[PDB]
Every structure is written in structure tokens, then in C-alpha cells.
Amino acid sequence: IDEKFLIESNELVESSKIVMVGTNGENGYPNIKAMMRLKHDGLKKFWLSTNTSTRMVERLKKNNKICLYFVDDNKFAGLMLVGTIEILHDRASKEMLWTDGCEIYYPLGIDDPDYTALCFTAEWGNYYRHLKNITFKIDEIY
């Protein structure tokens, strides 16, 4: 509950545009994919970008329990957040979340058929560091 974590975890989040996203894959195996962080609100909410794959979409439709992971291997520190994700289908949201260097990935702009936007809402997390971890609920850390 010390203020350092939220600030330290926030630096961790801010330090890369890439987030590792864990999902429930086929046949009971977890799957991890890299996604792009379009926006976040502290540790409460993340808006992410990934390529439209019917596989991923169908999977998230049936099971939206996910986790996010942020790491710096140099400190051997990481942050994991656990929560649920929803696909944002409306163009309004897609437009408001669009950023520079979305363009690198989605040449046809907001209307690129491969631009999918997601909203992750964190329930809890775990900060790992010095081979220990501190688990917290989001509603506590604020």
C-alpha cells in the first residue's frame, strides 16, 4: 500500500508501448501475445491495439479473462495485472484511441480492417522484484 509501488509500477508501464497479454488459448493452454498500449489510466484501465485475427476475437468472445505483464529484465522486475478485456467495435472509440505509430501498423488508418482496439480493466496485480512479490487489489492501491 506504500505510494512507491503505484509510481514504480507506473514508470514500468510508461517505459514501453508494448505489453504482453495472456489469454486462455485452445485446449486449455495459456497463450501470450505482444500488444500495443494505446492508452492507460494508472493501473486501472488499459486500451490496447492488436491485429484483427478471427481466432483471437472468437476466443475473447468466449473467454475474456486475461492478464497483462510488463517487465524490465535489467532490474528483473515485472508487474502483472489480472482482469477482463472487451473489444471496442465503434469507430468513435477507435478514432479517439488512435496514436502516432498506429500508422506503421495500420496503413489505412482508423478504418484499417486489421486495427482492433481493446479495453482491459484490472482487478488485481502482482509486483515482482528482488525475487519477491506483493499482491494487491486495484481498489486498495488507490
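When you see a residue number, it is the position in the sequence shown, counting from 1.
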For this session: Could you check which stretch, 71 to 79 or 37 to 45, carries the larger mean CA temperature factor in the entry?
Result: 71 to 79
Problem set entry | Given 49 to 57 and 81 to 89, the range whose Cα B-factors average higher in the PDB entry | 49 to 57
Exercise. From 126, 10, 24, 121, which pick has the Cα B-factor that tops the rest in the entry?
Worked result: 10
Exercise. By its CA B factor, does residue 20 count among the lowest, middle or highest third of the modelled residues in the chain?
Worked result: lowest
For this session: Just say lowest, middle or highest third for the CA B-factor of residue 100 relative to the other modelled residues in its chain.
Result: highest
